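I have placed the structure first, in the form of structure tokens, so that the comments after it can refer back to it.
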Amino acid sequence: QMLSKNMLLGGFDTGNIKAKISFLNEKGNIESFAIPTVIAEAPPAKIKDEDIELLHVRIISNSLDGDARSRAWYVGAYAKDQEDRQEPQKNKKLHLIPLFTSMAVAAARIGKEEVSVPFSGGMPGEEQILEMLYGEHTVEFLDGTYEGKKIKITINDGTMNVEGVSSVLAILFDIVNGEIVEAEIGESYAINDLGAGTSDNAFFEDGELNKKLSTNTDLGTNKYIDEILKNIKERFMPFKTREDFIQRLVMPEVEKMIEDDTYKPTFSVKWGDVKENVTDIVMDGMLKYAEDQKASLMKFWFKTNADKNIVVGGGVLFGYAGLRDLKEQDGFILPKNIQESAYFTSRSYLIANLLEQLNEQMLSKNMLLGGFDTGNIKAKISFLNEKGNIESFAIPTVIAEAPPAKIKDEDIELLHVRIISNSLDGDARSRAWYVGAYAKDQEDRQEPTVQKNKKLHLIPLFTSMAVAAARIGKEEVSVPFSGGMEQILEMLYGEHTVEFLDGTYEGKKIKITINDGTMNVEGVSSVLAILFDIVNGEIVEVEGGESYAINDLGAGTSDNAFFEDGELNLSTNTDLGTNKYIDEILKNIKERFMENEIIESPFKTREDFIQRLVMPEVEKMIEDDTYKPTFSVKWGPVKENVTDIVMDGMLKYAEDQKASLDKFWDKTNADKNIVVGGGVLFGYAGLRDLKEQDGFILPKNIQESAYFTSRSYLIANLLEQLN
Ligand SMILES: Nc1ncnc2c1ncn2[C@@H]1O[C@H](COP(=O)(O)OP(=O)(O)O)[C@@H](O)[C@H]1O
Ligand SMILES: Nc1ncnc2c1ncn2[C@@H]1O[C@H](COP(=O)(O)OP(=O)(O)O)[C@@H](O)[C@H]1O
Ligand SMILES: [Mg+2]
Ligand SMILES: [Mg+2]
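Read in order, the letters of the sequence shown correspond to residues 641 to 1363 in my numbering.
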């Protein structure tokens, strides 16, 4: 139960204008207050929310400049009324002092002069930060409610809760004595802390933060407050601080609107002796701020295509007159312990704080048998697992420089590895990388450019072998390499390590030995996947010459090969890839979405359009040839049926390939055209119908049509080992 034991559990949101803090006091619930980031030099002796009203403290901190080392300061809303004020390394003293004060004030509320604070802040490295706060500090009150009290604060460890996970806790949980549940959100959502200086827009798909679309803007309440105050003065033809104007004139009226939905607000301010009714001068600024945010919020909604939009902060309370319109539109979630909206961030850090504080055959029992189709976009690999059949996946040929330390078919959707190969060069020879779709969501990405390069191809290949080895539960495998059309495939013999710094194989170190190799240069093995399959053992495929042609339909190009007597001949490749067809489908879908209400695109990348929208329907179509597909796209709040646009692009692609296919059959006159690659699955809607006329053969299993090239290389590898 109770960790105290002298522990102050708190969440701390330090910004440029206020220092918000949420802490467990004596009772077990949550208390919260804010100290403006303001400090003013003070004489060494004296000269509800009563505490922050007057903060005159002397701080003896070893995290301090020495200069402010042990000297007196005015802190907070009291420092505001000084003219040696300081307002936002340089100068850090401005942040650390009002923070230590809040801890002292918090500790004093629970009646302790020595408290140990596991620091749970947030960044608006990161052991880099906590070492700035570590050690023990003393805060002596020279005045105020705790006049003469000396609070001693020891900071041990902590979390910076930049992890993103913690930023959404205050909407799912609450602390009342014992921890409560308020999951009704989606797996993807936007969080918008509406601040006084800045509007912070964050987006979270899956579990955590998508910092490609995440932004910080200058849409704060200050500018609007500043103009309201100005016009008030122009009507008197004051309030000294912005905050003063909020707590006195504004904060009352807002809550009456909260206590009661039909309440008419009334802003009147007396100056000196005169009472002027400024009920509309305030309302305009309030409603105008409201408008700009809904504009801003909706733009970010279409940008992220989030399923839920959470709106928190004090900007909600300030613009509540116009922002209460959001309770009616779904996609938008206020937390409706709504007075607590301002401290939503600090509450989140408090909950998270609390949480961590709670603490024939073959035999192959160390050989990795794989066929490798390493390309310009995907590093496709087909390998044998324990059970003895073929598993296949593809790793996006994209890498990104990574920190050497931590900070189905989805063990590869967190690939953080270090590659130690003799085949690497630069200082890549000894450094960590983000591999696969994750140098996608990183701006230090490197992607193939039309050499070195080279590291760009070797790393996803070695990682693919890793994932394979780690999958069959071996902490290292001998790999007979089977690639495809003098080498420097001995970049690749010798031996290679890959160590998982994260992901499903956290801490697993996978070290790879390559000693043999074949290129399957002849084309005869490039077609092996349609005559054979490996199910536990090796079998001939259910229903199958002198010569045959092959059409691999890729993303970038459609390649044509011709084999006679099995042997490779007349081979060409057209840039008749799926990419331009997909791009103009996406182009068309987006433009059917451009009316009545509609910032970029509903789908994040080309892969996103396929993995989510397309290949589900294709699977229903493969399993059932009478099934009508239904392609529907949701973008923000808009749900439109784009079945036409997707089917049209598929069918045009189907004909264009058929047009190209028939031509290549004419010049080579092969007995058999085999159509393979991923383009088969994309244009399957029309290629399943045109298959019966032109007279060519598609492979079954057809779901694995993409890995056909890598599959054939695997069989050639297996056949090889059988001598
Ligand atoms: N209950 C309330 N009624 C009216 N205005 C409020 C209320 N609570 C906070 N505000 C004001 O809303 C504005 C939003 O600022 P805030 O969200 O506190 O910024 P920060 O991100 O620094 O915490 C502030 O100027 C604050 O004074
Ligand atoms: N299961 C699937 N359903 C529909 N389309 C797919 C499927 N798998 C892959 N594709 C698409 O087929 C295209 C070709 O993929 P692939 O042949 O692997 O490209 P490359 O060989 O050039 O790397 C890709 O654009 C991809 O989006
Ligand atoms: Mg804030
Ligand atoms: Mg391909």
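All C-beta atoms, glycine included, are put in the ideal place defined by N, C-alpha and C.
Through-space distance from residue j to residue i, alpha-carbon basis
i, j, result
"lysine 1149", "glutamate 848", "26 angstroms"
"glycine 1217", "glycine 1319", "8 angstroms"
"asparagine 817", "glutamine 641", "10 angstroms"
"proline 684", "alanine 708", "12 angstroms"
"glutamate 1257", "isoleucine 1225", "16 angstroms"
"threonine 1212", "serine 1166", "15 angstroms"
"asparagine 1281", "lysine 1260", "18 angstroms"
"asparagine 646", "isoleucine 1047", "29 angstroms"
"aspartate 970", "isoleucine 1021", "43 angstroms"
"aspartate 705", "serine 1032", "58 angstroms"
"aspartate 814", "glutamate 996", "16 angstroms"
"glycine 1163", "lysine 1048", "32 angstroms"
"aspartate 901", "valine 890", "17 angstroms"
"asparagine 1006", "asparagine 1025", "11 angstroms"
"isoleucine 978", "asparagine 871", "29 angstroms"
"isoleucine 1174", "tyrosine 1347", "14 angstroms"
"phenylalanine 876", "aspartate 884", "19 angstroms"
"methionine 1255", "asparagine 1209", "34 angstroms"
"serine 854", "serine 710", "40 angstroms"
"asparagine 731", "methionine 763", "17 angstroms"
"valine 1316", "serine 1345", "6 angstroms"
Supposed contact pair residue j and residue i - C-beta distance, whole angstroms, cut 8 angstroms
i, j, result
"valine 918", "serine 908", "7 angstroms"
"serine 828", "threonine 857", "Rounded, the Cβ-Cβ distance is 21 angstroms, inconsistent with contact."
"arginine 698", "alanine 717", "Not a contact, Cβ separation roughly 19 angstroms."
"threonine 794", "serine 756", "5 angstroms"
"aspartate 833", "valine 952", "5 angstroms"
"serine 1352", "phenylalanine 1012", "Between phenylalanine 1012 and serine 1352 the Cβ distance is about 11 angstroms, and since that is not below 8 angstroms, they are no contact."
"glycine 1143", "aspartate 1051", "7 angstroms"
"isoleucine 1152", "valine 1107", "Actually they are not in contact, since the Cβ atoms of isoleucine 1152 and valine 1107 sit about 11 angstroms apart, beyond 8 angstroms."
"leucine 1009", "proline 1120", "7 angstroms"
"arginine 1058", "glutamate 1139", "5 angstroms"
"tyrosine 1074", "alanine 1110", "Actually they do not touch by this definition, with Cβ atoms about 17 angstroms apart."
"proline 728", "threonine 677", "6 angstroms"
"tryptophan 941", "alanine 830", "7 angstroms"
"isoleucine 700", "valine 715", "Contact flag wrong, Cβ pair sits at about 14 angstroms."
Option in the options with minimal Cα separation from residue i
i, options, result
"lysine 880", "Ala719, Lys939 and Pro1256", "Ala719"
"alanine 1294", "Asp1264, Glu980, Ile898 and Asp1329", "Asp1329"
"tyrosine 983", "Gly835, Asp1264, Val1278 and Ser1166", "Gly835"
"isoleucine 1337", "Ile1035, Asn1313, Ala1356 and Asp1051", "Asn1313"
"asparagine 862", "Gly837, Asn850, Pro1277 and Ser854", "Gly837"
"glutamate 1130", "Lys1292, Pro892, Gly1326 and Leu1064", "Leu1064"
"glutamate 1126", "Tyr1145, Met1159 and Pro1100", "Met1159"
"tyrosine 1078", "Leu773, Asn850, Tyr714 and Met800", "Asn850"
"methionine 800", "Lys976, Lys943 and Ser986", "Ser986"
"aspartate 1223", "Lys1244, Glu1207, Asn1209 and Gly1206", "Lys1244"
"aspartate 1156", "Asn1006, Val821 and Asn1357", "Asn1357"
"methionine 926", "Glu980, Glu867, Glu819 and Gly1163", "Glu867"
"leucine 649", "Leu664, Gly655 and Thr677", "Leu664"
"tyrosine 903", "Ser807, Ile1285 and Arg964", "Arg964"
"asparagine 1016", "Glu874, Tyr1188, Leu1098 and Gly1206", "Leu1098"
"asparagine 1093", "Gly1066, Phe1203, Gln726 and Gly1177", "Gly1066"
"residue 589", "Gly1028, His1136, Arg725 and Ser936", "Shown here, the chain extends from 641 to 1363; a query on residue 589 therefore has no answer."
"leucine 1359", "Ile1179, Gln1333 and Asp1264", "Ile1179"
"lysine 688", "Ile679, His696 and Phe673", "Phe673"
"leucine 1210", "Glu980, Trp1305, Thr1283 and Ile1239", "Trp1305"
Any non-hydrogen atom of ligand 5 closer than 7 angstroms to residue i Cβ
i, result
"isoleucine 1017", "With respect to small molecules bound, the structure shown includes ligand 1, ligand 2, ligand 3 and ligand 4 and not ligand 5."
Original post:
Are the stretch 742-751 and the stretch 777-795 in contact at 8 angstroms, needing three or more beta carbon pairs?
Top reply: They touch, by the three-pair rule.
Original post:
Whole alpha helix (DSSP H) runs in the stretch 838-910 with 4 or more residues, listed along the chain?
Top reply: For the stretch 838-910, whole alpha helix (DSSP H) runs of length 4 or above, ordered along the chain, are 862-875, 882-885 and 891-899.
Original post:
Residue ranges of each beta strand (DSSP E) run of no fewer than 3 residues wholly in the stretch 793-847, ordered along the chain?
Top reply: You should have 813-816, 818-821, 829-834 and 839-845.
**OP:** Could I get the ranges of all uninterrupted alpha helix (DSSP H) runs contained in the stretch 699-749, with 4 residues as the minimum, in chain order?
**Re:** Correct list: 733-749.
Original post:
Counting only runs that start and end within the stretch 990-1048, where is the beta strand (DSSP E) found for 3 or more residues in a row?
Top reply: Counting whole runs of 3 or more residues, the stretch 990-1048 contains the beta strand (DSSP E) stretches 1010-1014, 1018-1024, 1030-1036 and 1039-1041.
Original post:
What are the uninterrupted segments assigned as beta strand (DSSP E) that are 3 or more residues long and contained completely in the stretch 1117-1157, given in chain order?
Top reply: Runs of the beta strand (DSSP E) inside the stretch 1117-1157: 1134-1140 and 1149-1154.
**OP:** Check whether the stretch 1228-1240 touches the stretch 1274-1284, counting contact only when three or more Cβ pairs, one atom from each stretch, lie closer than 8 angstroms.
**Re:** Because the criterion of three Cβ pairs below 8 angstroms is met, the stretch 1228-1240 and the stretch 1274-1284 touch.
Subject >> Given 8 angstroms, three or more beta-carbon pairs between the stretch 920-935 and the stretch 956-966 >> reply: Of all C-beta pairs linking the stretch 920-935 to the stretch 956-966, three or more are shorter than 8 angstroms, placing the two stretches in contact.
Original post:
If we count Cβ pairs, one from each stretch, closer than 8 angstroms, do we get three or more for the stretch 1036-1050 versus the stretch 1078-1087?
Top reply: With the cut-off at 8 angstroms, the stretch 1036-1050 and the stretch 1078-1087 touch.
Original post:
So, do the stretch 1290-1305 and the stretch 1183-1203 have three or more beta carbon pairs nearer to each other than 8 angstroms?
Top reply: Segments in contact, yes.
Original post:
Are there three or more Cβ pairs, one per stretch, closer than 8 angstroms when the stretch 645-664 is compared with the stretch 734-745?
Top reply: Inter-segment contact for the stretch 645-664 and the stretch 734-745 is present: three or more beta-carbon pairs are separated by less than 8 angstroms.
Original post:
Along the chain, which unbroken stretches of the alpha helix (DSSP H) at least 4 residues long are found entirely within the stretch 1220-1267?
Top reply: Complete alpha helix (DSSP H) runs here, min 4: 1255-1263.
Original post:
Can you list the beta strand (DSSP E) stretches of 3 or more residues lying completely in the stretch 1169-1202, in chain order?
Top reply: List check, beta strand (DSSP E) in window: 1172-1175, 1177-1180 and 1187-1193.
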